[PDB]
Amino acid sequence: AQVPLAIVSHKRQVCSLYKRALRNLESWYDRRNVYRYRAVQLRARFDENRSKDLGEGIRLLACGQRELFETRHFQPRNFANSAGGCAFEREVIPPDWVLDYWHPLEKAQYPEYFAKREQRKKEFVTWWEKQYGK
Amino acid sequence: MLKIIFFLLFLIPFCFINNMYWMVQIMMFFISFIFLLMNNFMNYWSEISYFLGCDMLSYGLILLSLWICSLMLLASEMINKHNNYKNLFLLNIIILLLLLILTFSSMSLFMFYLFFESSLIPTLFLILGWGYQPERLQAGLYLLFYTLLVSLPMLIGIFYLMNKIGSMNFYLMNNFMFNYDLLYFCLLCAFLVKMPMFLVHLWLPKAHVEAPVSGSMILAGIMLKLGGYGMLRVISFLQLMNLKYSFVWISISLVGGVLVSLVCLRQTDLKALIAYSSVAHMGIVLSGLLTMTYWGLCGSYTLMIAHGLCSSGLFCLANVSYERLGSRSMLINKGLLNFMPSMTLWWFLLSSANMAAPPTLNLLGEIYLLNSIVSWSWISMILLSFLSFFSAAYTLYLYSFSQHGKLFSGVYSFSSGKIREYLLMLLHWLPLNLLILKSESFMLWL
Amino acid sequence: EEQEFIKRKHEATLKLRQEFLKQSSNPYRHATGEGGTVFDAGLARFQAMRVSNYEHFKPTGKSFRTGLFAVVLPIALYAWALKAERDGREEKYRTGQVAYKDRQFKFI
Amino acid sequence: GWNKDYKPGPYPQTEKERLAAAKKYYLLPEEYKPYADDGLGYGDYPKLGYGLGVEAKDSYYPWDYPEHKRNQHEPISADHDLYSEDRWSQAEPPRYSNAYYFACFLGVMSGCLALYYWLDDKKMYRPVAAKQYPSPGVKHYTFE
Amino acid sequence: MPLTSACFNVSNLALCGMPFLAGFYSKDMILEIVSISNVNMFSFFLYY
Amino acid sequence: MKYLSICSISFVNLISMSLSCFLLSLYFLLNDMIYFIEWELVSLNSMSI
Amino acid sequence: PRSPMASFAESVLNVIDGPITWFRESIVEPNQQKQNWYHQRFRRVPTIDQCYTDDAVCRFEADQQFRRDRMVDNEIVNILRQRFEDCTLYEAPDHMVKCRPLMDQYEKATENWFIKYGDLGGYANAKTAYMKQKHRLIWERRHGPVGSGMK
Amino acid sequence: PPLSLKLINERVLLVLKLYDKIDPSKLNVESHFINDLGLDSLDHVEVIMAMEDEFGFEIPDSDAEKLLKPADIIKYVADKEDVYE
Amino acid sequence: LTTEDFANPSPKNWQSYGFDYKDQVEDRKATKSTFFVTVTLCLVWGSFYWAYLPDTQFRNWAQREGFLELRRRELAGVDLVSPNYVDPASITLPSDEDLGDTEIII
Amino acid sequence: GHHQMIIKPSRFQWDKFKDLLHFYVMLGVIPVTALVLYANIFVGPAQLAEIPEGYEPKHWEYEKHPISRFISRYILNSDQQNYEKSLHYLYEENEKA
Amino acid sequence: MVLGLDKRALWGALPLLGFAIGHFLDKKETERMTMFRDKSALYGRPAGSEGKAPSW
Amino acid sequence: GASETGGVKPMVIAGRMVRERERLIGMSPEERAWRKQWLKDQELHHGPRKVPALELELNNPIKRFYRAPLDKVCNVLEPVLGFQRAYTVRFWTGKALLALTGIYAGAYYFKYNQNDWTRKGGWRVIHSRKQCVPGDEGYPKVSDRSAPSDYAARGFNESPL
Amino acid sequence: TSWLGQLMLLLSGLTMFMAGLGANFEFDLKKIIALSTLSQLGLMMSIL
Amino acid sequence: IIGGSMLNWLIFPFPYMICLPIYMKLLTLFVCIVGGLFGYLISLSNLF
């Protein structure tokens, strides 16, 4: 696994700007018939000035950003089952060792699970030994 | 009361005999049961043994002392796990128990002061012999010398009283009244440090933080109350002088209350929250007490008792975390609802009692104290409202953040809830619900 | 982008990510079952500073003005107001202006 | 180690101490910036965070402890609370400034309140007669 | 959902005061009691 | 709460209790009674908690 | 029994009263021993006025008499309150019918109770109460009715 | 209901066949955005944005740049929803 | 361990009740003894003893007279609540010269 | 039925705790319930009445209930006991002072 | 002496011995008590009702 | 010896992949093996096996008895309506008996042990008078609370002395 | 019978109208319902 | 659905008598209806 660097290119500062704009259309226009109209009307506004000098790009951000911030829906279409959702992250689960501390009679309900649980545990130990040669 | 005293002395040998931690424990509870049976008192001094009496004010205080002193042994078992001189621990506890009984029953002021300040030692053993933090040293310095630096000076006031009075039985002082303007400060302030007062709260957070579960339970459960019990007995003759100079004390207590509550919000340690919280509640107790009105005093007696109980239970909770996750911090401790949900019930309940949710002998207090203060001065209401408001505020934060958020990633497998701790939490709370049925014994003492 | 400030932090700071994983997944000290947590410097730093900053406290004009207006003036003003109002009310009471009919809180 | 072992040092007063302290807190030499140490300062403790809010920090970044959006060894801000998502903090810049929020509320409240009291002076009604009550000595007259 | 849709109708109409449902029995009787009793301009206009 | 859903357990006693309350409400209406049962705890300075 | 449900509520009233009153007559009367319990009559005491300057036992006796008397008079205020309480509950229209005729007893009781015991606070014994009366008598004789300032 | 890996594949395929500005025939499932699809700087995020709305979650802003193929999109959806199995 | 080990655990191990981690019976007898002494002995019998305690503070007796004393004063025609600790005639006020402005209190 | 497990801490200790609580409390309650039912139904309440002028109740006469009768006479020192206690003790202390 | 109370109640007697000694001592205090035994000013019987009735 | 697990090996298996974000950003083929294995043995088919004496251990003798008079019904009534309906009949017989029993107890206690002028601190009761109706016995009814002594009677207007 | 009536009629009237407006613009279904609750409750407190 | 009816027939022994102007009693219906007009009109919007 790789954790990305935080450096950003003006292309990304401009394209993710287009992304947020599309979102801001949603939060201000809902009807998909209405939307695709205005979303493609937005595209022309991102297309008429497609390629400009860097300096103009900086002023273009100086206007673009304000438009989002000054025209942001007071209730953005925050996404349901993602971070910031209206019901996301409803519950959590603890690390498996909690299952390790079941009372032996508590253990005695799912022997097949616990047996396989025991096997996988030793095989994980081998895996972790590998993970950096211990 | 010599019945109790001789019982405790004949319990002392069990400390030497090996493997008597649990035998001692049952006996201490059993004698508490016996002391429960002995109950017929009125306002007058009763059960007048050679120099030991007992009364409404002393009877409940003793019961709490015997109660909490037995609950120590439930709280602390790591001493047995470690074999960390269990004999010295048990001997220290019993010695402390005897001193408390003799302090609360000393019918003489001087006998009272004698045992009162004799308790300086065994408590210091309890922190130092079983402390954890390196701060344990400087903490012991704070505890002992804040106390002695004012607790010694009342020794002059006591003897001055003798010379002008001829004795030190409590009824005898009540017959007289003194207004020399130093007697007042010398006795008052000397008790105020152990109360403690917001301006001399300083030591108390340190003592609680770097002390074991047992010592902290003792410190917040009796020592603060013992200071107050002396006040109730002594202010009888300080009235006129108190009336002239009282606005200062009530002001700093009330002002300090909202402040220390805001300290609690910003604080980030379980014992620190409870320690500051206990100072806050004892701020209101000091206020109603210094009102000296009937409502204030009879309510103060109740709030001391209830506050001691709730503070103990919260300390057992703090011990539980400290003994599982090995760190007092708010940050490390979190989401315990996922690991001990049946325990988080008790977390909520003890928190509930500390924010004065009924049926709760604590709550019964604030009705009495708040009535007294409001009558005494309407101006108080502007700060009484905020004082209780922020009281509940930090308790909410303590309960939520500790038990609610998503778990901590780095946490090494620790055993789950167990009968000792479960029974310990019920035992501190359930009597705190019981008493309301018969508050009259815990509510009327004047 | 500073020319690799983000990168320069990147190299070292991503190393201890793996050591955190090694610690967390550590089958051995998790097997000991004694509780406790993987050490974390920020936590240890934070506790120590939280408990001790007096050795840093310099009693200057800032701290004095800060503390003065923090509690002192609050304590003094509130206490003075309380004493002043009580002095007036008690003055009426000892003058006997209000008889045993009008007065309130007859029962504390 | 224990807290006294970890006690932060005094504020660094020459560049070498700045290099040392930044390493003490794992910070880069510019990342490290001690407090003003003017009379109520922690000294060498770095001054981090204090931004608009913790939840402004990356939502999806790989976090060792997502709970506080925190990676491993890293100097916790002296005011971690008072900026935590559980406490005073937001995710995005506010739309307006403080006066706006208070003004928009309270200015309306004052005006509508005062205009009500003006209109209470003229309390309308249905033009009906006073409610009649039987009683000794009362002799309202029937329209007959 | 024709059941949930229909039920959500019943809640709307009870809350909307469509005649001889909950709102009509309650919202009505209040509003003319406002008329009967002498009241203030805003309080009157604001209810409606 | 070991063999039957807790929802069942509370539901049935709840419907049973409130129907009893409802019918008692009628009794109160047809007679216009107002009971004020009281159980005192303590009393000091002439007040009665 | 005009009304239907009231003609039914009676039926459950017969249901509820049935077993209990049967139980009272069935397993109480054949199982009860007769015994008597009386009510104190504490002798009067030489009050603080009587006792000497330093007669600690006598002073202690006086205070206990004062406390018990306080507890009763403390009470007589409560009973009058309970009595007024019933009247205000008597009938929905019936408030002014007997409020003042009945309450004013409670009003006088409060003021008298205040004068004797009020304004002393806890710890108050017979001495401070008794001398307060002395002070009030002096004030009444010198400055006139309390509630007039001074001359 | 659970989610089936094959159906995730056909579903991203359905939207891809649906999207006009892509090469209409939807050339090889592993069509890189800048190579044969020709997806411009902005057309790339239009792809991601539809995928979002279709699959009920935002893709992270930089992590879209990790998504450089319809195979990636399946691979990112699979990591989310436990689709390997 | 394997399937049958988990399915039917042996009677060797024992789950400590938090009191003693060495002997099964010592732990169980401690918990058994501790539970009895604490719960039944105080929180049943003791609660029972209080709940049936006799008049200790004489509150009930105080409200014995409360009915009588009030009733005694109401047919007696004397003040129900006399505002004098003793008879205002029994007291003997000293003369104004004795007073000499001894800060008389209301 | 199609059960998919859930990671849950142990409930055994908590369940045992409730069971011990229910067990011992009923243990104490049963003889207590027996005792209270006995006295009240086998004997019941002494009836209030006047003084017979020639009589003098002993302190146990002044409590209505029998369990009070048993407690006060046998277990608690009389108020008159704890009254003279003080009168003695205050006599010495006043004299000594 | 069921082996669940072995040596435990046996030592536990001594605390009960303390209560017995404590009881007897305080009862003797009730002996030095007697100065007003029936000679008070509130409960004090004037003369008669003795009848071998040393109230407390 | 002593333990809590009986000797189970206190570790955790999952690894980096516990976090939804972590699994979702990058995760190796060996990690795909474990995670699939983890979510593969997540399933369960048979059910919570029964431990006979576990119920006994968590059921004290005092509880055992009063289960019997109503549980003994189940063993015979179970086949008639099945276990689910049989227990349902058991339970509501138990609760119905409890409720009706308490009702008479409470009605008794308000009939014979009210808070009168002797005992105090109990449930003192007080009421208002019924609503007359034209055509009723003593329709134009007079006030019964003749004198203030009537108010706050608490049994004292019916004193034995 | 005192100015508390005037003060409450101010507030209850205002909030029901403030809620009666905010409900239109709010999009979180449960939130709109809650606003209707306040809008209705304000009426109750005003008639009272 | 039955709603207030059961209460309305069993709560008011003295139903409040309200004989108001027709332009007031009916006004409660149309000032009510214009809201629904706006609620279902302002929502219904043509694209451009």
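Deposited coordinates in this entry are attributed by the record to cryo-EM, at a stated resolution of 3.68 Å.

(A) Structural context of the overall build of chain F. Across its full length, chain F holds 1 helix and 1 strand. Projected onto the principal axes, the alpha-carbon positions of chain F cover approximately 55 × 35 × 10 Å. When the 49 residues of chain F are sorted by exposure, 24% land in the buried category. On chain F, roughly 3300 Å² of surface is accessible, and the fraction owed to carbon and sulfur atoms is 76%.

(B) Quick peek at the pattern of salt bridges. On inspection of all chains with the given rule, the structure shows 56 salt bridges over all chains. With a closest N to O distance of 3.1 Å, H:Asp40 and A:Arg50 form a salt bridge. Of this pair, H:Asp40 sits in the loop between α1 (5-18) and α2 (41-55) while A:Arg50 sits in the loop between α2 (32-45) and α3 (54-70), on two different chains. The closest approach of N and O atoms between K:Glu29 and K:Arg32, which form a salt bridge, is 2.7 Å. Placement of the pair is K:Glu29 and K:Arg32 together in helix α1 (residues 8-32), with a separation of 3 residues, close to one helical turn.

(C) Highlighting the nonpolar core. Counting 252 residues, the largest nonpolar core has B:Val24, B:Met28, B:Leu71, B:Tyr229, B:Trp346 and I:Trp50 as the members making the most contacts within it. Tallying contributions element by element places helix α18 (residues 294-324) of chain B first for this core, with 17 residues. Look past the residues within four positions of B:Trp346 in its chain and what remains in contact with it is B:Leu317, B:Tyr422, B:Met425, B:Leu426, B:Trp429, J:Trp14 and J:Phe17. Grouped together as the second largest cluster of nonpolar side chains are 33 residues, G:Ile79, G:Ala126, I:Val81 and I:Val86 included.

(D) Up close: the environment of B:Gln267. Residues and elements named next belong to chain B. The topology assignment puts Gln267 in the loop between α16 (247-266) and α17 (270-291). In this structure, the C-alpha to C-alpha distance between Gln267 and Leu240, residues 27 residues apart in sequence, is 40 Å. Those residues within four positions of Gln267 in sequence are excluded, and the remaining contacts are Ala272, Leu273, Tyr276, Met330 and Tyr397.

(E) Spotlight on unusual backbone geometry. Residue and element names in this part refer to chain B. Cis rather than trans, the peptide bond between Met195 and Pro196 has omega equal to -10 degrees. Looking at the element boundaries, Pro196 is found in the loop between α12 (183-194) and α13 (203-209). With an omega dihedral of -5 degrees, the bond running from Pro358 to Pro359 counts as a cis peptide bond. Within the element layout of this structure, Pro359 appears in the loop between α19 (341-354) and α20 (361-376).

(F) Geometry of the interface of chain G and chain B. With 10 residues of chain G at the interface, the matching set in chain B holds 17 residues. Interface area, chain G with chain B, both sides summed: about 1300 Å², of which 49% is carbon and sulfur. Contact with chain B buries area across many residues of chain G, yet G:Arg59, G:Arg67 and G:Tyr123 alone supply 49% of it, more than any other trio. Counting every contact that joins chain G to chain B gives 0 salt bridges. The interface formed by chain G and chain B contains 5 residue pairs in polar contact. With 6 residues, helix α2 (residues 56-90) of chain G is the largest single contributor of residues to the side of chain G that touches chain B.

(G) Highlighting the interface of chain I and chain G. On the chain G side, the residues contacting the 31 residues of chain I number 35 residues. In total, chain I and chain G occlude about 3200 Å² of area from one another, counting both sides; carbon and sulfur atoms represent 69% of this. Applying the counting rule to chain I against chain G returns 0 salt bridges. Where chain I meets chain G, there are 8 residue pairs in polar contact. Broken down by element, the residue count for the side of chain I that touches chain G peaks at 11 residues, all from helix α4 (residues 59-76) of chain I. A breakdown of the residues in the side of chain I that touches chain G according to their chemical character gives 18 nonpolar, 7 polar and 6 charged.

(H) Quick peek at the packing of aromatic side chains. One pass over the full model with this rule turns up 110 aromatic pairs over all chains. For the pair B:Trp45 and B:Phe170, a centre-to-centre distance of 5.9 Å together with 10 degrees between the ring planes defines the contact as stacked. Here B:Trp45, found in the loop between α3 (21-37) and α4 (56-75), pairs with B:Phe170, found in helix α11 (residues 170-174); they are 125 residues apart in sequence, far enough to count as distant. Look at B:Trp45 and you get buried, because its relative accessible area is 8%. Between the aromatic rings of C:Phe39 and D:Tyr6, the centroid separation amounts to 5.6 Å while the plane-to-plane angle is 50 degrees, which identifies the pairing as tilted. Placement of C:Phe39 in the loop between α3 (27-32) and α4 (41-51) and of D:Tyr6 in the segment before α1 (15-24) is noted, with the two residues assigned to different chains. Note on D:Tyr6: relative accessible area 17%, which makes it buried. Clustering of aromatic rings is evident, with ring pairs tying together B:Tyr44, B:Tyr171, G:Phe42, G:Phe60, I:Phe58, I:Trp61, J:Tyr83 and K:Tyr43. Directly above the aromatic system of I:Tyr17 lies the positively charged group of I:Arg28, at a separation of 3.4 Å from the ring centroid.

(I) Quick peek at a nonpolar patch on the surface. Taken together, the side chains of E:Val10, F:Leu29, N:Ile1, N:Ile2, N:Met6, N:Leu7, N:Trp9, N:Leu10, N:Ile11 and N:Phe12 make up a nonpolar region of the molecular surface, amounting to roughly 1100 Å² of accessible area. With respect to the helices and strands, N:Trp9 occurs in the loop between α1 (5-8) and α2 (22-25). The exposed category is assigned to N:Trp9, whose relative accessible area is 75%.

(J) Main features of helix α3 (residues 79-96) of chain J. The terminal C-alpha atoms of α3(J), which comprises 18 residues, lie 26 Å apart, in line with the 26 Å expected from a rise of 1.5 Å per residue. Of the surrounding elements, those touching the buried residues of α3(J) are α11 of chain B, α2 of chain G together with α1 of chain K.

(K) Spatial organisation of the arrangement of the chains. Looking at the 43 pairs of chains with contacts, the pair that accumulates the most is chains G and I. Over all C-alpha pairs, chain D and chain I never come within contact, reaching a minimum spacing of 29 Å. Separated throughout, chain F and chain J approach each other most closely at a C-alpha pair spaced 12 Å apart.

(L) Structural context of the packing of helix α6 (residues 111-132) of chain A against helix α2 (residues 29-40) of chain L. Between α6(A) and α2(L), whose axes approach to 12 Å, the crossing angle comes to 165 degrees. Between α6(A) and α2(L), the crossing angle belongs to the class labelled roughly antiparallel. Considering only the axes of α6(A) and α2(L), their crossing is left-handed. Touching A:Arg120, A:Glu123, A:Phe124, A:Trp127 and A:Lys130 of α6(A) are L:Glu30, L:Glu31, L:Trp34 and L:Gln37, all from α2(L). Residue composition of the contact of α6(A) with α2(L), grouped by class: 3 nonpolar, 1 polar and 5 charged.

Calculation notes
- Residues numbered from 1 in each chain as written, not as in the entry; some residues may be left out.
- Chains lettered and ligands numbered in written order.
- Part of a larger assembly, values for the part shown.
- Heavy atoms only, no water.
- Helix = DSSP H or I, 4+ residues; strand = E, 2+ residues; numbered from the N terminus.
- Buried < 20%, exposed > 50% of the residue type's maximum accessible area, 1.4 Å probe, protein only.
- Areas by Shrake-Rupley, 256 points an atom, 1.4 Å probe, with all protein chains shown as cover.
- Salt bridge = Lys/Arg side-chain N within 4 Å of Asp/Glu carboxyl O.
- Core = buried A, V, L, I, M, F, W, Y, C linked by side-chain atoms within 4.5 Å.
- Contact = heavy atoms within 4.5 Å.
- Buried area = accessible area lost by both parts, 1.4 Å probe.
- Polar contact = N/O pair within 3.5 Å; in protein donor to acceptor, adjacent residues only side chain to side chain.
- Nonpolar A, V, L, I, M, F, W, Y, C, P; charged D, E, K, R; others polar.
- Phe/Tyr/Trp six-rings, centres within 6.5 Å; stacked < 30°, edge-to-face > 60°.
- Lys NZ or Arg CZ within 6 Å of the ring centre and 35° of its normal.
- Patch = residues over 30% accessible without salt bridge, like charges linked within 9 Å, V, L, I, M, F, W, Y side chains within 5 Å.
- Expected span 1.5 Å × (residues − 1).
- Axes fitted to C-alpha atoms, helices over the stretch in contact; angles between N-to-C directions.
- Parallel < 35°, antiparallel > 145°, perpendicular 65-115°, else oblique.
- Left-handed = near helix turned anticlockwise from the far one by under 90°.

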